[PDB]
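Trainee: Just dropping this structure here.
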Amino acid sequence: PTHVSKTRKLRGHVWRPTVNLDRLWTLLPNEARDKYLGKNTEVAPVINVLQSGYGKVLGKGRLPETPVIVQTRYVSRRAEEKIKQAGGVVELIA
Amino acid sequence: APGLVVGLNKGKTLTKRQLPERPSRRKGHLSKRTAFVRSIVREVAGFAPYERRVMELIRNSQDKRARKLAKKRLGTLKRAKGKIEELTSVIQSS
Amino acid sequence: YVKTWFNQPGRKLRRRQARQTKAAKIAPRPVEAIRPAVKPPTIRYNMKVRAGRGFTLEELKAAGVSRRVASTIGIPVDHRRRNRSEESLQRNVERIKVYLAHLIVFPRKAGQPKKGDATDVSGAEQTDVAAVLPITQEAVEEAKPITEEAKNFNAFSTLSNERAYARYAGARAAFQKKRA
RNA sequence: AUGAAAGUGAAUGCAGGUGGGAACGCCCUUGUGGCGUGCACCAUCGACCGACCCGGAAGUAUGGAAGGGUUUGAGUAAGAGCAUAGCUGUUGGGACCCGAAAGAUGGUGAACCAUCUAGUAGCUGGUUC
RNA sequence: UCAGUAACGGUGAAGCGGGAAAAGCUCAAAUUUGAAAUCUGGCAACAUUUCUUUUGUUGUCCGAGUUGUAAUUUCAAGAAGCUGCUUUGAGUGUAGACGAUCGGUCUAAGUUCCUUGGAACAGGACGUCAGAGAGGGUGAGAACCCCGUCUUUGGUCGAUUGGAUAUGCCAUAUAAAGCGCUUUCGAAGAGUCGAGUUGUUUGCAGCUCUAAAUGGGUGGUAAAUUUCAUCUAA
């Protein structure tokens, strides 16, 4: 818009995306979280970070104590132990 | 393929199926007909002067100079070594 | 110089009329040919599944259709591609199989069934191929138990050292051939 | 996020304390004052990850941990950015307008012509209620 | 989109991914030696036409052509032997439907009264059509005076053509091809590739040399050589 401009007032005056453990439980479908988080079930949920375009699973954050299997290409050196006491397992994608 | 990412076995672990051999790779194979034709043309056409010069170099055991001179003529070591070996077989054949 | 886009609605409408004219020209047969299920070739995309150019000569041989019949009935053939993992054999095979199952070939020369083409012809219908033959993504697994043997499997025991083993394999192999 | 790169890759402590700190509650039932609480924060700090240095629990030559620095990062420490419009400033396009000789290309005639050209403008002049 | 990234030193890509569009192939390199089976042209007939203007066919003659025209084959292969399934026209009238265009034709309702005005297409009163209230003209702002607009992706009437549908008639069809197998054979493009050298924007070009058959090009590796991968130039 020229009418608001200053000229109309001067007239005359001259590859590896990263995911941390505070976010794995957000990658599930919400019904999977509803029916699998916190329930003492024999079978544990499985998370494939690669299906969300994530290469390496870093370990920042706390975890719920529900066991969960995480499938990943690469993993940070603490991210695996935190899921040990979380009761779930980590196994490595080829 | 150890179901993993790294190593001199790496890859996603599957059952590779033995693929067939395609006719494009056939190139370089010797035909008795063309091998006969090359024999005929070699016997009738003769030799260019530079391989002539190097072969009595083989005859008088002047191998190193001939190898260097053959390298100068063609340009690559493999062409040179391929040249001298076939002339030597000609030398013993004669 | 300066490429302007004032024809963008016009060019879109041209393609629509191109498809409608093309489809109406060959109405009996589907507008879009089928394509195989193929995997993008790189570490960033290799997990995904997309549509390739054509089915390799291995697959037509397995599916029981010659490379000539396939071209006539709308199956594109790719000669450059070669499929090595027998799943890629598989996933393309029933893809050809179900396409043939839903395929109806109108008999030539006044509707006398030849070989096994078809008998009915009133079932002429032009359908989207991606409807009857959609391409699916990778089948992911859900709710698998145990694997506490993988628990003791402490990741870097493979990763850190086998990566070092791979890095030093050349030097190691040179060492073994040296003192031998 | 860090590192030159291989590569590794961030709640200490109600995801902290240390003081303070917003309003509120909270009164002693007045309010004030305090009781607090502590937001943004604020400064400090405890630290948490990478680099740097010393050390090598282990675990398959390889290799890494525990631990020690008061060296390092507009680092983590309970994400705040993305898109659109407007204003203003700046950079580049002819670039607020006007104006210098010149140079090139291709032509016409025995110097001229047309294009490149809206040129080099560090200036002169003008620049609208 | 990668990406103003890699790379170069302001210049400035590409692989991958998404989408538009998709369609594949032909020769040379071997023979048919129990048949040059091939082809242009002259001449006589038969036709056909966007078309008396076009396009062919048959017959015959002549020439081209063994320094190579046909058939088969092109690396995805393929040739030659073996097997049982599958198939098949480089045709010709009629009817109907389908669309393309041109050529033409058909399109609803006030010009009824009063005032102003040179003129009513203005104002007021009373109506009408509307799949038509886009627009233009007519003596001033006209849906109803006119051309048009809408119905119209239509009715009609020609003319051809689109190719399918059915039909009729010839065809020749003693046929060839696809795929189970091989008891194997597989020819594969040279002053070209390449190397050095000079110019110019790795590419190309002049210059001298000049290749090879698992060879050659190209890269991940190694190592400076190597494996490995991928492709088959002239």
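Residue numbering restarts at 1 in every chain; chains get A, B, ... in the order shown in the structure tokens, and ligands count up from 1 in that same order.
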Per residue of chain D within 12 Å of chain C, which atom pair is closest and at what distance in Å (one decimal), using only C-alpha atoms (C1' of nucleotides), listed by chain and increasing number, as a tab-separated table?

Mentor:
residue	atom	partner	partner_atom	distance
D:6	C1'	C:167	CA	11.0
D:7	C1'	C:160	CA	10.6
D:8	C1'	C:160	CA	11.3
D:58	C1'	C:157	CA	11.6
D:59	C1'	C:157	CA	7.1
D:60	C1'	C:157	CA	6.1
D:61	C1'	C:172	CA	8.8
D:62	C1'	C:161	CA	6.7
D:63	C1'	C:161	CA	6.7
D:64	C1'	C:160	CA	9.4

Trainee: At a cut-off of 12 Å, which residues of chain A touch chain D? Count only C-alpha atoms (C1' of nucleotides) and give the answer as an MDAnalysis selection string.

Mentor: chainID A and resid 1:2 4:14 16:20 22:23 56:62 74:79

Trainee: Find the residues of chain C that sit at most 8 Å from chain A; for each, write down the nearest two atoms and how far apart they are in Å, to one decimal. Count only C-alpha atoms. Sort by chain, then by number going up, and give it as JSON lines.

Mentor:
{"residue": "C:44", "atom": "CA", "partner": "A:15", "partner_atom": "CA", "distance": 6.7}
{"residue": "C:47", "atom": "CA", "partner": "A:51", "partner_atom": "CA", "distance": 7.9}
{"residue": "C:141", "atom": "CA", "partner": "A:46", "partner_atom": "CA", "distance": 7.6}
{"residue": "C:142", "atom": "CA", "partner": "A:46", "partner_atom": "CA", "distance": 5.8}
{"residue": "C:143", "atom": "CA", "partner": "A:45", "partner_atom": "CA", "distance": 4.9}
{"residue": "C:144", "atom": "CA", "partner": "A:43", "partner_atom": "CA", "distance": 6.2}
{"residue": "C:145", "atom": "CA", "partner": "A:43", "partner_atom": "CA", "distance": 4.7}
{"residue": "C:146", "atom": "CA", "partner": "A:43", "partner_atom": "CA", "distance": 7.6}
{"residue": "C:147", "atom": "CA", "partner": "A:89", "partner_atom": "CA", "distance": 7.2}
{"residue": "C:148", "atom": "CA", "partner": "A:89", "partner_atom": "CA", "distance": 6.9}
{"residue": "C:150", "atom": "CA", "partner": "A:91", "partner_atom": "CA", "distance": 6.0}
{"residue": "C:151", "atom": "CA", "partner": "A:89", "partner_atom": "CA", "distance": 5.6}
{"residue": "C:153", "atom": "CA", "partner": "A:91", "partner_atom": "CA", "distance": 7.9}
{"residue": "C:154", "atom": "CA", "partner": "A:80", "partner_atom": "CA", "distance": 7.8}
{"residue": "C:155", "atom": "CA", "partner": "A:92", "partner_atom": "CA", "distance": 7.3}
{"residue": "C:156", "atom": "CA", "partner": "A:77", "partner_atom": "CA", "distance": 7.6}

Trainee: Quick one: which residues from chain E are at most 9 Å off chain B, using only C-alpha atoms (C1' of nucleotides), as a list in words?

Mentor: residues 75, 76, 77, 186, 187, 188, 194, 195, 196, 209, 210, 211, 212, 213, 214, 215, 216, 231 and 232 of chain E

Trainee: Could the residues of chain A within 8 Å of chain B, counting only C-alpha atoms, be given as a PyMOL selection string, please?

Mentor: chain A and resi 73+92-94

Trainee: Could you write out that same residue set with C-alpha atoms as a compact mmCIF listing (two decimals), in the first residue's frame?

Mentor:
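The resulting file, again05.txt, is reproduced below:
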# COMPACT_ATOMS: atom_id res chain seq x y z
CA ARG A 73 19.90 -47.55 14.06
CA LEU A 92 19.37 -52.54 16.98
CA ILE A 93 17.94 -52.10 13.49
CA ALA A 94 20.24 -53.34 10.73
